[PDB]
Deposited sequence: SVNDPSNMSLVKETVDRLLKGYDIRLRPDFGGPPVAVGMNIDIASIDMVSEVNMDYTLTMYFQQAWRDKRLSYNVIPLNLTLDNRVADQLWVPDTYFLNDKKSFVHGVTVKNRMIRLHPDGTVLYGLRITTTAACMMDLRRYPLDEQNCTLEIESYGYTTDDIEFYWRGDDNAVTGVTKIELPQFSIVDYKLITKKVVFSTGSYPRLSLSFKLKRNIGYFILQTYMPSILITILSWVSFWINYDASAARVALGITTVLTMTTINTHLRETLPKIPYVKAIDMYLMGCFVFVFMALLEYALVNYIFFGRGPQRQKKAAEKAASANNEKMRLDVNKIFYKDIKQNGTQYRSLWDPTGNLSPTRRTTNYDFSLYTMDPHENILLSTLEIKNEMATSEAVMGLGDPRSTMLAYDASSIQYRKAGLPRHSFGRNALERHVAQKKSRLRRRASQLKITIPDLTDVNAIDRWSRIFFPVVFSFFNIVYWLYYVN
């Protein structure tokens, strides 16, 4: 019947097969087409400088040894025949850890075709490294990549290409990151040159922009708030030294406290960020607010006119500084 016509055919295909030799080994390079269906992008961790990506990684090439004629259907074998067929040695260069999911079996698929085309799919969760320029944080714009490359096959052995061009990579229109948002994704086909030869390379790269509302609420608004609270001491008269000094001290210490608290959620980065520049500017403002009362207590009690000029000075210059900061970084 049609069970020994699919058994003897598979046995004839797997008889004399050499897994150590690629298809067309002594000849032209074999073409591998790739499609990626992103399932999710889990954690874009700024501390560990990486992002976790789950995809349906599929490859398609043409092996003339795996050709059959008698059966008119697309054979879908079990996932354990992939250890008896040739597969490319595709590796991601910027990964840190990856695993094919193994519940309930290993998440991989071998599908043959009557013309010899082999479709090989994989459900891969990988943690690709992505270096981030955090200078404009938290109004930054990161470009995270994933570099797909062959390992042991020079460009005259394996040629990579995105199958079905810009429609090769799907699932990018969805993928809602908790704090980021996907703006644009690009596909690059190039060739890299190492010391052992030239190797083909495909590159999937997204441009991630950061949603600004949460970082405005939890960081920025207390800074302007503490600046206005430091300005509150201007309305108090000169003789109430303890109240004005305590207000200035509490403002500068909690600005320092939230400044030290905001650093530990971030790596030990060796440059000033936009948030650190804003906190430095507000720190200088609330420091000059306390030094204004120090000057007032030095002139009058030591040795109103200073005070009402400072009522004009500090809201206005801060608004000028707020205009400069929010227009340079946006």
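- When the deposited sequence is numbered from 1, the segments without any C-alpha atom are 1-5, 309-459, 487.
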